[PDB]
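Some notes on the structure that comes next.
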Amino acid sequence: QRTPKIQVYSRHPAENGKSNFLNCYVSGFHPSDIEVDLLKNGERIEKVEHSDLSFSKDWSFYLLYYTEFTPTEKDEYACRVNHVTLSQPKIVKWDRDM
Amino acid sequence: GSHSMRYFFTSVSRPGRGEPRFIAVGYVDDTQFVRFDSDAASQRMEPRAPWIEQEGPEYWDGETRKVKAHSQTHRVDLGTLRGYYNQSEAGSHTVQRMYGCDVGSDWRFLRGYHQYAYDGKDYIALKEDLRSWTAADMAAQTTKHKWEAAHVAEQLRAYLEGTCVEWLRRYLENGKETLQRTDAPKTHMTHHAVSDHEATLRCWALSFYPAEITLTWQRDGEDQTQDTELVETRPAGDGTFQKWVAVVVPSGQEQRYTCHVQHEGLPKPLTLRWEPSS
Amino acid sequence: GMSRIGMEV
Ligand code: NA
Ligand code: NA
Ligand code: NA
Ligand code: NA
């Protein structure tokens, strides 16, 4: 079993009030079953899509989860991941500088 | 430049009920162009790039027959492997397969490969000679003797050196507008104070294609790895990739630090420094 | 285009 690595980021450099896309890239995990949600103010975002499962040279899997979003000064965005290797879901907050 | 065509397959057993979950994807370089998902409604191989939609119904019928045959081979293999390893019928297990071919700048065959894994570990792989097999353990050694007796490597070698390269050249021509275009990284540097006397400089590479790239920091013209962070290259979601590299520096000393960017789309590597008025 | 080779373990 290998635990997922997570990056949460925007497709384009963030500007408050300008529409964009919120990504959560999960990689380096095994087995492939995984639960990924994008959150807005701690609540699950409903329209979220993901890439088709693929894997790296070490056989670990990777997926991209994504949705449209409009960054603002007051909204907090995050990615929440659960996997067999995790005891509790891991929440990674979106920071526009990363 | 050089190019590749690669197919990836994953099957995951579901012993409580039904057949394994099966997902197949095909790539040309870093571009996904076809997919199959056993859970999807069509039960067909589906297009994922505009240039493959040019293919007619005989292509889609042929690829659907081949991918469904691959799914059944994986279903049989999951059963055989459970027996080779004396495993319970109650647990979920996984098989993964990747194969494909590489061509050089002249679009001629460079190398082929066919690798197989059970539960995330190497099981059996074709060697670079396209004649021999690497078996990781004694269960894979049983499979190796079976495949030597059935002329498997000969059939794989014929596909990898012939058919695989012929399809790749066809796709490179039909999808030339994007497949043969390199997108050089769009670079910039950001500054993030961490105190009144230290700051992080972050060097960004955005919207590039293909994914291969190198970002390095130098201080006074020599490589710097202390106090640096380099994230894994990540998809933007529009077919291009992103990466960044960061270094923590004493405030006022930013001009000593340079970020160096190497990519196929850049004739000469780029050098960036922090613009102090910003 | 995919391979048609079927080889079972
Ligand atoms: Na868990
Ligand atoms: Na070329
Ligand atoms: Na230094
Ligand atoms: Na990664």
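Residues in the structure tokens are numbered from 1 in each chain, the chains being A, B, ... in the order shown, and ligands are numbered from 1 in the order shown.
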Which residues are near residue 4 in chain C? Cut-off 12 Å, only C-alpha atoms, ignore same chain within fewer than 3 positions. Put them as an MDAnalysis selection string.
(chainID B and resid 62:70 73 152 155:156 158:160 163:164) or (chainID C and resid 1 7)
- request: Within 7 Å of ligand 4, which residues show up when you count only C-alpha atoms and all ligand atoms? List them as a count of residues only, please.
  value: 6
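All residues, whether protein, DNA or RNA, that have an atom at most 8 Å from ligand 1 (counting only C-alpha atoms and all ligand atoms) are residues 82, 83, 84, 85, 86, 87, 88 and 89 of chain A.
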Item checked: Long-range neighbours of range 36-50 of chain A as number ranges by chain, 9 Å cut-off, only C-alpha atoms, 6 positions minimum in chain -> A: 22-24, 26, 63-68, 75-83, 93
With N, CA, C and O atoms retained, write the just-selected residues as a compact mmCIF listing (two decimals), in the first residue's frame.
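In the end it all went to result24.txt:
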# COMPACT_ATOMS: atom_id res chain seq x y z
N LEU A 22 -10.38 24.63 -10.51
CA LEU A 22 -9.74 24.13 -9.31
C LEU A 22 -9.40 22.65 -9.53
O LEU A 22 -10.28 21.86 -9.90
N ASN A 23 -8.13 22.30 -9.33
CA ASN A 23 -7.59 20.98 -9.54
C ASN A 23 -7.11 20.35 -8.25
O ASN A 23 -6.52 21.01 -7.39
N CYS A 24 -7.31 19.04 -8.14
CA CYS A 24 -6.70 18.26 -7.08
C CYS A 24 -6.05 17.07 -7.77
O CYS A 24 -6.74 16.23 -8.35
N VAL A 26 -3.95 13.78 -7.44
CA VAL A 26 -3.57 12.75 -6.48
C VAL A 26 -2.68 11.74 -7.19
O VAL A 26 -2.99 11.34 -8.31
N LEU A 63 -4.57 10.47 -10.64
CA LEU A 63 -5.84 11.02 -11.10
C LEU A 63 -5.86 12.52 -10.89
O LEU A 63 -5.31 13.02 -9.91
N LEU A 64 -6.57 13.21 -11.77
CA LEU A 64 -6.84 14.63 -11.64
C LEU A 64 -8.35 14.82 -11.43
O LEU A 64 -9.14 14.36 -12.26
N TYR A 65 -8.73 15.48 -10.34
CA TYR A 65 -10.13 15.85 -10.06
C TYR A 65 -10.23 17.36 -10.30
O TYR A 65 -9.32 18.10 -9.92
N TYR A 66 -11.31 17.82 -10.96
CA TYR A 66 -11.38 19.23 -11.32
C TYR A 66 -12.79 19.74 -11.46
O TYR A 66 -13.73 18.98 -11.75
N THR A 67 -12.95 21.07 -11.27
CA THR A 67 -14.22 21.76 -11.44
C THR A 67 -13.97 23.23 -11.70
O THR A 67 -12.89 23.73 -11.40
N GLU A 68 -14.96 23.93 -12.27
CA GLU A 68 -14.85 25.38 -12.44
C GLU A 68 -15.01 26.03 -11.08
O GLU A 68 -15.75 25.54 -10.22
N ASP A 75 -13.85 33.04 0.22
CA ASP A 75 -14.10 31.60 0.11
C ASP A 75 -12.84 30.78 0.28
O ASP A 75 -11.78 31.15 -0.22
N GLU A 76 -12.96 29.69 1.02
CA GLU A 76 -11.84 28.79 1.28
C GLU A 76 -12.06 27.53 0.45
O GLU A 76 -13.12 26.94 0.53
N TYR A 77 -11.09 27.14 -0.38
CA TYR A 77 -11.21 25.92 -1.18
C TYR A 77 -10.20 24.89 -0.68
O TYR A 77 -9.16 25.23 -0.11
N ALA A 78 -10.53 23.60 -0.88
CA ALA A 78 -9.67 22.54 -0.37
C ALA A 78 -9.95 21.23 -1.11
O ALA A 78 -10.93 21.13 -1.85
N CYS A 79 -9.06 20.25 -0.97
CA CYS A 79 -9.25 18.92 -1.50
C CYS A 79 -9.24 17.96 -0.32
O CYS A 79 -8.37 18.06 0.54
N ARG A 80 -10.20 17.03 -0.27
CA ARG A 80 -10.31 16.05 0.81
C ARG A 80 -10.15 14.65 0.23
O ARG A 80 -10.89 14.27 -0.68
N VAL A 81 -9.16 13.91 0.72
CA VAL A 81 -8.84 12.59 0.19
C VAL A 81 -8.92 11.49 1.24
O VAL A 81 -8.34 11.62 2.31
N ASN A 82 -9.56 10.37 0.89
CA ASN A 82 -9.53 9.19 1.74
C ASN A 82 -9.03 8.02 0.91
O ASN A 82 -9.31 7.92 -0.29
N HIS A 83 -8.28 7.15 1.55
CA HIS A 83 -7.66 5.99 0.89
C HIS A 83 -7.42 4.94 1.99
O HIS A 83 -7.33 5.30 3.17
N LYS A 93 -5.65 22.45 1.98
CA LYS A 93 -6.25 23.72 1.58
C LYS A 93 -5.59 24.28 0.32
O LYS A 93 -4.38 24.16 0.18
So that I can see what lies close to residue 98 in chain A, please list as a tab-separated table (two decimals) with N, CA and C atoms, in the first residue's frame the residues with an atom at most 12 Å from it, counting only C-alpha atoms and leaving out residues fewer than 2 positions away in the same chain.
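part38.tsv was written with the following content:
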chain	number	residue	atom	x	y	z
A	7	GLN	N	-1.70	17.53	-4.57
A	7	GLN	CA	-1.48	18.94	-4.87
A	7	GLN	C	-2.83	19.53	-5.21
A	8	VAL	N	-3.16	20.69	-4.63
A	8	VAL	CA	-4.41	21.38	-4.95
A	8	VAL	C	-4.01	22.76	-5.51
A	9	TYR	N	-4.53	23.10	-6.68
A	9	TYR	CA	-4.07	24.30	-7.38
A	9	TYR	C	-5.04	24.72	-8.44
A	10	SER	N	-4.86	25.93	-8.97
A	10	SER	CA	-5.70	26.43	-10.04
A	10	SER	C	-5.05	26.22	-11.40
A	11	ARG	N	-5.87	26.09	-12.44
A	11	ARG	CA	-5.36	25.94	-13.79
A	11	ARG	C	-4.63	27.20	-14.25
A	12	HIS	N	-5.18	28.39	-13.93
A	12	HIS	CA	-4.59	29.68	-14.31
A	12	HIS	C	-4.21	30.47	-13.07
A	13	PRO	N	-3.27	31.45	-13.14
A	13	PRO	CA	-2.95	32.25	-11.93
A	13	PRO	C	-4.22	32.90	-11.39
A	14	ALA	N	-4.46	32.75	-10.10
A	14	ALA	CA	-5.71	33.21	-9.50
A	14	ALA	C	-5.84	34.71	-9.42
A	23	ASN	N	-8.13	22.30	-9.33
A	23	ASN	CA	-7.59	20.98	-9.54
A	23	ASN	C	-7.11	20.35	-8.25
A	92	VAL	N	-6.35	19.15	2.26
A	92	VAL	CA	-5.27	20.04	1.84
A	92	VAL	C	-5.92	21.32	1.32
A	93	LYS	N	-5.65	22.45	1.98
A	93	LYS	CA	-6.25	23.72	1.58
A	93	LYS	C	-5.59	24.28	0.32
A	94	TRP	N	-6.38	24.89	-0.56
A	94	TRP	CA	-5.84	25.57	-1.72
A	94	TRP	C	-5.21	26.89	-1.29
A	95	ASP	N	-3.97	27.11	-1.71
A	95	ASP	CA	-3.24	28.35	-1.51
A	95	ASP	C	-2.84	28.82	-2.91
A	96	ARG	N	-3.33	29.99	-3.34
A	96	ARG	CA	-3.06	30.51	-4.70
A	96	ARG	C	-1.59	30.71	-5.03
B	190	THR	N	7.66	34.64	-8.38
B	190	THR	CA	6.88	35.29	-7.31
B	190	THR	C	7.76	35.32	-6.04
B	191	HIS	N	7.41	36.23	-5.15
B	191	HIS	CA	8.13	36.51	-3.91
B	191	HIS	C	7.17	36.50	-2.76
B	192	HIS	N	7.53	35.75	-1.72
B	192	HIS	CA	6.66	35.56	-0.56
B	192	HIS	C	7.47	35.75	0.71
B	200	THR	N	10.68	33.63	0.37
B	200	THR	CA	10.70	32.55	-0.59
B	200	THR	C	10.58	33.15	-1.98
B	201	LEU	N	11.47	32.73	-2.87
B	201	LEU	CA	11.36	33.04	-4.29
B	201	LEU	C	10.81	31.77	-4.96
B	202	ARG	N	9.74	31.89	-5.73
B	202	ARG	CA	9.15	30.73	-6.40
B	202	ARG	C	9.18	30.96	-7.91
B	203	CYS	N	9.83	30.03	-8.60
B	203	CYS	CA	9.98	30.09	-10.02
B	203	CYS	C	8.96	29.17	-10.65
B	204	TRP	N	8.11	29.73	-11.49
B	204	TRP	CA	6.99	29.02	-12.10
B	204	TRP	C	7.22	28.70	-13.55
B	205	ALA	N	6.80	27.50	-13.96
B	205	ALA	CA	6.78	27.11	-15.37
B	205	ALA	C	5.35	26.64	-15.65
B	229	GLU	N	12.59	23.69	-2.62
B	229	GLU	CA	11.46	22.78	-2.72
B	229	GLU	C	11.08	22.70	-4.21
B	230	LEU	N	10.88	21.49	-4.73
B	230	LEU	CA	10.53	21.28	-6.15
B	230	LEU	C	9.30	20.40	-6.17
B	231	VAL	N	8.13	20.90	-6.68
B	231	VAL	CA	6.93	20.06	-6.71
B	231	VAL	C	6.95	19.17	-7.93
B	232	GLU	N	6.21	18.04	-7.86
B	232	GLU	CA	6.11	17.15	-8.99
B	232	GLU	C	5.35	17.87	-10.12
B	234	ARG	N	2.70	18.62	-12.78
B	234	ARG	CA	1.27	18.37	-12.62
B	234	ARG	C	0.48	18.83	-13.82
B	242	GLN	N	2.38	21.96	-15.53
B	242	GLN	CA	2.91	23.03	-14.67
B	242	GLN	C	3.93	22.46	-13.72
B	243	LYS	N	4.81	23.31	-13.23
B	243	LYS	CA	5.79	22.94	-12.20
B	243	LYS	C	6.30	24.22	-11.56
B	244	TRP	N	6.76	24.12	-10.32
B	244	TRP	CA	7.47	25.24	-9.70
B	244	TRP	C	8.61	24.73	-8.83
B	245	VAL	N	9.56	25.61	-8.58
B	245	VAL	CA	10.72	25.37	-7.72
B	245	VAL	C	10.88	26.61	-6.85
B	246	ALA	N	11.18	26.44	-5.57
B	246	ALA	CA	11.29	27.59	-4.66
B	246	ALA	C	12.54	27.51	-3.81
Hey, which residues come within 8 Å of ligand 3 if we count only C-alpha atoms and all ligand atoms? Could you give them as an MDAnalysis selection string?
chainID B and resid 218:220 222:224 226
Give me, as number ranges by chain, the set of residues whose atoms come within 6 Å of any atom of ligand 2, counting only C-alpha atoms and all ligand atoms.
B: 1-2, 105, 180
Keeping only N, CA and C atoms, write the selected residues as a PDB file, in the first residue's frame.
ATOM      1  N   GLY B   1      11.093  16.034 -32.881  1.00  0.00           N
ATOM      2  CA  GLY B   1      11.765  15.308 -31.813  1.00  0.00           C
ATOM      3  C   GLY B   1      11.346  13.853 -31.744  1.00  0.00           C
ATOM      4  N   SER B   2      11.590  13.222 -30.596  1.00  0.00           N
ATOM      5  CA  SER B   2      11.238  11.816 -30.403  1.00  0.00           C
ATOM      6  C   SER B   2       9.788  11.671 -29.950  1.00  0.00           C
ATOM      7  N   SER B 105      13.766  11.110 -33.838  1.00  0.00           N
ATOM      8  CA  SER B 105      13.424  12.282 -34.650  1.00  0.00           C
ATOM      9  C   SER B 105      13.112  11.924 -36.106  1.00  0.00           C
ATOM     10  N   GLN B 180       2.732  17.620 -32.953  1.00  0.00           N
ATOM     11  CA  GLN B 180       4.067  18.050 -33.363  1.00  0.00           C
ATOM     12  C   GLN B 180       4.398  19.492 -32.930  1.00  0.00           C
TER      13      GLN B 180
END
Tell me the residues of chain B close to chain A, meaning within 7 Å using only C-alpha atoms, as a CSV table (one decimal) with N, CA and C atoms, in the first residue's frame.
chain,number,residue,atom,x,y,z
B,8,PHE,N,-2.1,1.7,-21.4
B,8,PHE,CA,-2.1,1.4,-20.0
B,8,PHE,C,-3.4,0.7,-19.6
B,23,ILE,N,-10.1,-0.4,-16.7
B,23,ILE,CA,-9.8,0.9,-17.3
B,23,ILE,C,-8.6,0.8,-18.3
B,120,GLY,N,0.6,-4.2,-7.7
B,120,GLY,CA,1.5,-3.1,-7.7
B,120,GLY,C,3.0,-3.4,-7.7
B,236,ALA,N,-2.3,20.8,-16.0
B,236,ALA,CA,-3.1,22.0,-15.9
B,236,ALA,C,-4.6,21.6,-16.1
B,237,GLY,N,-4.9,20.6,-16.8
B,237,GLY,CA,-6.2,20.2,-17.1
B,237,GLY,C,-6.7,20.5,-18.5
Alpha helix (DSSP H) per DSSP on the backbone: members of range 24-261 of chain B, as a PyMOL selection string: chain B and resi 57-84+138-149+152-158+164-174+176-179
So that I can see what lies close to residue 171 in chain B, please list as an MDAnalysis selection string the residues with an atom at most 12 Å from it, counting only C-alpha atoms and leaving out residues fewer than 2 positions away in the same chain. (chainID B and resid 3:5 26:29 31:34 49:55 107 164:169 173:180) or (chainID C and resid 1)
Would you write out those residues with C-alpha atoms, as a tab-separated table (two decimals), in the first residue's frame?
chain	number	residue	atom	x	y	z
B	3	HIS	CA	7.78	10.28	-29.86
B	4	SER	CA	5.97	7.38	-28.18
B	5	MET	CA	2.69	5.49	-28.26
B	26	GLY	CA	-3.97	5.19	-24.86
B	27	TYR	CA	-1.42	8.01	-25.22
B	28	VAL	CA	0.68	9.57	-27.95
B	29	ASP	CA	3.52	11.28	-26.01
B	31	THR	CA	-1.64	13.28	-24.92
B	32	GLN	CA	-4.43	10.82	-24.00
B	33	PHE	CA	-6.33	9.93	-27.18
B	34	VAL	CA	-8.54	6.85	-26.39
B	49	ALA	CA	-8.53	13.77	-28.89
B	50	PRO	CA	-9.95	15.54	-31.97
B	51	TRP	CA	-7.46	13.90	-34.38
B	52	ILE	CA	-8.57	10.34	-33.54
B	53	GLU	CA	-12.25	11.20	-34.35
B	54	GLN	CA	-11.13	11.18	-38.04
B	55	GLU	CA	-11.03	7.34	-37.74
B	107	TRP	CA	10.18	8.52	-36.78
B	164	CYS	CA	2.87	0.06	-33.20
B	165	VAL	CA	5.28	2.35	-35.12
B	166	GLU	CA	2.93	2.47	-38.16
B	167	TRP	CA	-0.02	3.63	-35.98
B	168	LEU	CA	2.21	6.18	-34.18
B	169	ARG	CA	3.38	7.75	-37.50
B	173	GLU	CA	0.55	13.18	-39.07
B	174	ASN	CA	-3.24	13.35	-38.47
B	175	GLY	CA	-2.75	15.24	-35.20
B	176	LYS	CA	0.22	17.33	-36.36
B	177	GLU	CA	-1.37	20.69	-35.26
B	178	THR	CA	-0.98	19.69	-31.61
B	179	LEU	CA	1.14	16.48	-31.47
B	180	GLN	CA	4.07	18.05	-33.36
C	1	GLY	CA	-3.93	0.97	-32.37
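With only C-alpha atoms as the atoms that count, the residue of B:130, B:270, B:81, B:247 with the shortest distance to chain C is B:81.
The two atoms in question, CA of residue 136 in chain B and CA of residue 77 in chain B, are spaced 16.3 Å apart.
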Check the DSSP output for the backbone and give back, as JSON, numbers by chain, the residues of chain A in strand (DSSP E or B). {"A": [2, 5, 6, 7, 8, 9, 10, 20, 21, 22, 23, 24, 25, 26, 27, 28, 29, 30, 35, 36, 37, 38, 39, 40, 43, 44, 49, 50, 54, 55, 61, 62, 63, 64, 65, 66, 67, 68, 69, 77, 78, 79, 80, 81, 82, 90, 91, 92, 93]}
Using only C-alpha atoms, the best pick from B:151, B:18, B:89, B:95 as closest to residue 6 in chain C would be B:151
- Message: Need to verify the contact set: residue 269 in chain B, 12 Å, only C-alpha atoms, exclusion of same-chain residues closer than 2 positions in sequence. Can you return it as a VMD selection string?
- Response: chain B and resid 184 to 185 187 213 to 216 259 to 267 271 to 272
Those residues with N, CA, C and O atoms, as a tab-separated table (two decimals), in the first residue's frame please?
chain	number	residue	atom	x	y	z
B	184	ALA	N	6.51	25.86	-25.15
B	184	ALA	CA	7.56	26.23	-24.21
B	184	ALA	C	6.94	26.75	-22.91
B	184	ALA	O	5.89	27.38	-22.92
B	185	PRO	N	7.60	26.49	-21.78
B	185	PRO	CA	7.07	26.99	-20.50
B	185	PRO	C	6.96	28.50	-20.46
B	185	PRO	O	7.87	29.22	-20.89
B	187	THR	N	7.17	31.36	-18.10
B	187	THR	CA	7.80	31.47	-16.77
B	187	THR	C	7.67	32.83	-16.12
B	187	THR	O	7.64	33.87	-16.80
B	213	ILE	N	10.58	18.44	-18.08
B	213	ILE	CA	11.16	19.76	-17.84
B	213	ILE	C	12.15	19.65	-16.69
B	213	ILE	O	12.03	18.74	-15.86
B	214	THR	N	13.10	20.60	-16.62
B	214	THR	CA	14.05	20.67	-15.52
B	214	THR	C	14.06	22.11	-14.98
B	214	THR	O	14.25	23.02	-15.76
B	215	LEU	N	13.84	22.31	-13.67
B	215	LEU	CA	13.93	23.62	-13.02
B	215	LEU	C	15.01	23.48	-11.98
B	215	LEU	O	14.95	22.56	-11.16
B	216	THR	N	16.01	24.37	-12.02
B	216	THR	CA	17.10	24.32	-11.03
B	216	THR	C	17.39	25.72	-10.52
B	216	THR	O	17.26	26.69	-11.25
B	259	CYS	N	16.94	31.16	-11.45
B	259	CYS	CA	16.22	29.94	-11.76
B	259	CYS	C	16.48	29.59	-13.23
B	259	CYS	O	16.42	30.46	-14.08
B	260	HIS	N	16.76	28.31	-13.49
B	260	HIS	CA	17.14	27.84	-14.81
B	260	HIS	C	16.12	26.85	-15.29
B	260	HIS	O	15.80	25.89	-14.59
B	261	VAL	N	15.61	27.08	-16.51
B	261	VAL	CA	14.53	26.26	-17.04
B	261	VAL	C	14.97	25.59	-18.33
B	261	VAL	O	15.36	26.30	-19.26
B	262	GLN	N	14.89	24.26	-18.38
B	262	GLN	CA	15.23	23.50	-19.57
B	262	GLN	C	13.98	22.76	-20.04
B	262	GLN	O	13.30	22.12	-19.23
B	263	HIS	N	13.71	22.83	-21.34
B	263	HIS	CA	12.54	22.19	-21.93
B	263	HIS	C	12.79	22.03	-23.44
B	263	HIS	O	13.45	22.87	-24.05
B	264	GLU	N	12.19	21.00	-24.06
B	264	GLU	CA	12.33	20.72	-25.50
B	264	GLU	C	11.92	21.92	-26.37
B	264	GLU	O	12.49	22.11	-27.44
B	265	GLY	N	10.96	22.71	-25.91
B	265	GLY	CA	10.48	23.89	-26.61
B	265	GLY	C	11.32	25.14	-26.51
B	265	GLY	O	10.94	26.19	-27.05
B	266	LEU	N	12.45	25.07	-25.77
B	266	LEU	CA	13.35	26.22	-25.58
B	266	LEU	C	14.69	25.91	-26.26
B	266	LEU	O	15.42	25.04	-25.77
B	267	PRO	N	15.03	26.62	-27.35
B	267	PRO	CA	16.32	26.38	-28.03
B	267	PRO	C	17.52	26.48	-27.09
B	267	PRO	O	18.45	25.68	-27.16
B	271	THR	N	16.89	31.75	-18.03
B	271	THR	CA	17.40	32.13	-16.71
B	271	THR	C	16.49	33.25	-16.20
B	271	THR	O	16.24	34.23	-16.91
B	272	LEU	N	15.97	33.12	-14.97
B	272	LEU	CA	15.09	34.12	-14.39
B	272	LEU	C	15.68	34.62	-13.07
B	272	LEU	O	16.24	33.84	-12.31
inquiry  = Report as a VMD selection string all protein, DNA and RNA residues lying within 12 Å of residue 9 in chain C, evaluated on only C-alpha atoms, omitting residues in the same chain fewer than 4 positions from it.
reply    = chain B and resid 73 to 84 95 116 to 118 123 to 125 135 139 to 148 150 152
Could you save the residues just selected, with N, CA, C and O atoms, as a compact mmCIF listing (two decimals), in the first residue's frame?
# COMPACT_ATOMS: atom_id res chain seq x y z
N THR B 73 -8.76 -11.24 -20.72
CA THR B 73 -7.46 -11.81 -20.35
C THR B 73 -7.11 -11.42 -18.91
O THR B 73 -6.73 -12.28 -18.11
N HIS B 74 -7.33 -10.15 -18.54
CA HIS B 74 -7.07 -9.72 -17.18
C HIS B 74 -7.98 -10.41 -16.18
O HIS B 74 -7.52 -10.75 -15.09
N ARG B 75 -9.27 -10.63 -16.54
CA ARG B 75 -10.17 -11.34 -15.65
C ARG B 75 -9.65 -12.78 -15.39
O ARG B 75 -9.57 -13.20 -14.23
N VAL B 76 -9.25 -13.47 -16.46
CA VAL B 76 -8.70 -14.83 -16.30
C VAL B 76 -7.41 -14.79 -15.45
O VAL B 76 -7.23 -15.59 -14.53
N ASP B 77 -6.53 -13.82 -15.73
CA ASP B 77 -5.26 -13.69 -15.01
C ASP B 77 -5.46 -13.45 -13.54
O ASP B 77 -4.72 -14.00 -12.73
N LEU B 78 -6.45 -12.62 -13.15
CA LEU B 78 -6.70 -12.38 -11.72
C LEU B 78 -7.03 -13.72 -11.00
O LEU B 78 -6.55 -13.96 -9.88
N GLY B 79 -7.77 -14.59 -11.68
CA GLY B 79 -8.09 -15.90 -11.12
C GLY B 79 -6.85 -16.78 -11.02
O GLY B 79 -6.60 -17.41 -9.96
N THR B 80 -6.06 -16.84 -12.09
CA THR B 80 -4.84 -17.64 -12.12
C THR B 80 -3.85 -17.18 -11.06
O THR B 80 -3.25 -18.00 -10.36
N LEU B 81 -3.68 -15.87 -10.91
CA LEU B 81 -2.75 -15.30 -9.93
C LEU B 81 -3.16 -15.54 -8.52
O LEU B 81 -2.30 -15.85 -7.69
N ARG B 82 -4.47 -15.53 -8.24
CA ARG B 82 -4.97 -15.83 -6.90
C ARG B 82 -4.56 -17.27 -6.51
O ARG B 82 -4.11 -17.48 -5.38
N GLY B 83 -4.59 -18.18 -7.47
CA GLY B 83 -4.15 -19.57 -7.30
C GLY B 83 -2.64 -19.68 -7.16
O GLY B 83 -2.17 -20.32 -6.21
N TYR B 84 -1.85 -19.03 -8.04
CA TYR B 84 -0.38 -19.09 -7.94
C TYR B 84 0.12 -18.62 -6.58
O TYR B 84 1.14 -19.13 -6.09
N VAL B 95 -4.31 -6.12 -11.48
CA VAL B 95 -3.33 -6.37 -12.53
C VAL B 95 -3.19 -5.09 -13.33
O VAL B 95 -4.18 -4.40 -13.60
N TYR B 116 4.13 -6.04 -17.02
CA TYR B 116 2.93 -6.50 -16.32
C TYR B 116 3.21 -6.56 -14.81
O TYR B 116 4.32 -6.96 -14.39
N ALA B 117 2.24 -6.14 -14.01
CA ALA B 117 2.35 -6.08 -12.55
C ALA B 117 1.15 -6.74 -11.89
O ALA B 117 0.03 -6.60 -12.38
N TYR B 118 1.36 -7.37 -10.73
CA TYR B 118 0.31 -7.92 -9.89
C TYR B 118 0.40 -7.26 -8.52
O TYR B 118 1.48 -7.21 -7.93
N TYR B 123 5.71 -8.21 -12.14
CA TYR B 123 5.42 -9.63 -12.27
C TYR B 123 6.28 -10.17 -13.43
O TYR B 123 7.23 -10.93 -13.19
N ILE B 124 6.00 -9.75 -14.67
CA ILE B 124 6.78 -10.19 -15.83
C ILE B 124 6.89 -9.07 -16.83
O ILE B 124 5.95 -8.27 -16.97
N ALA B 125 8.04 -8.95 -17.48
CA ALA B 125 8.25 -7.89 -18.46
C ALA B 125 9.09 -8.41 -19.60
O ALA B 125 9.94 -9.27 -19.41
N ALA B 135 11.24 -12.36 -15.19
CA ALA B 135 10.25 -12.87 -14.24
C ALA B 135 10.72 -12.51 -12.82
O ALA B 135 11.84 -12.89 -12.43
N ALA B 139 6.25 -17.55 -9.40
CA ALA B 139 4.96 -17.60 -10.11
C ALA B 139 5.19 -17.02 -11.52
O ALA B 139 4.79 -17.66 -12.50
N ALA B 140 5.89 -15.88 -11.63
CA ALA B 140 6.18 -15.30 -12.94
C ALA B 140 7.09 -16.21 -13.77
O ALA B 140 6.99 -16.21 -15.00
N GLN B 141 7.95 -17.01 -13.12
CA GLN B 141 8.79 -17.96 -13.85
C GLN B 141 7.93 -19.03 -14.53
O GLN B 141 8.26 -19.44 -15.66
N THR B 142 6.81 -19.44 -13.90
CA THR B 142 5.87 -20.39 -14.51
C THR B 142 5.26 -19.73 -15.75
O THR B 142 5.19 -20.37 -16.82
N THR B 143 4.86 -18.46 -15.65
CA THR B 143 4.29 -17.74 -16.80
C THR B 143 5.34 -17.60 -17.90
O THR B 143 5.03 -17.81 -19.08
N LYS B 144 6.59 -17.33 -17.54
CA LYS B 144 7.67 -17.19 -18.50
C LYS B 144 7.86 -18.45 -19.32
O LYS B 144 7.91 -18.35 -20.55
N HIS B 145 7.90 -19.62 -18.68
CA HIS B 145 8.05 -20.88 -19.43
C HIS B 145 6.84 -21.10 -20.35
O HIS B 145 7.00 -21.57 -21.48
N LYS B 146 5.64 -20.73 -19.90
CA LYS B 146 4.43 -20.88 -20.72
C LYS B 146 4.53 -20.00 -21.97
O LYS B 146 4.23 -20.45 -23.09
N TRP B 147 4.97 -18.75 -21.81
CA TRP B 147 5.05 -17.81 -22.92
C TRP B 147 6.20 -18.09 -23.87
O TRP B 147 6.07 -17.80 -25.07
N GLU B 148 7.27 -18.72 -23.39
CA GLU B 148 8.34 -19.15 -24.30
C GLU B 148 7.77 -20.26 -25.22
O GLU B 148 7.88 -20.17 -26.45
N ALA B 150 4.75 -20.69 -26.20
CA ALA B 150 3.70 -20.20 -27.09
C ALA B 150 4.13 -19.09 -28.05
O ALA B 150 3.28 -18.46 -28.66
N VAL B 152 5.16 -16.12 -27.68
CA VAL B 152 4.56 -14.83 -27.34
C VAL B 152 5.45 -13.66 -27.68
O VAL B 152 5.00 -12.67 -28.30
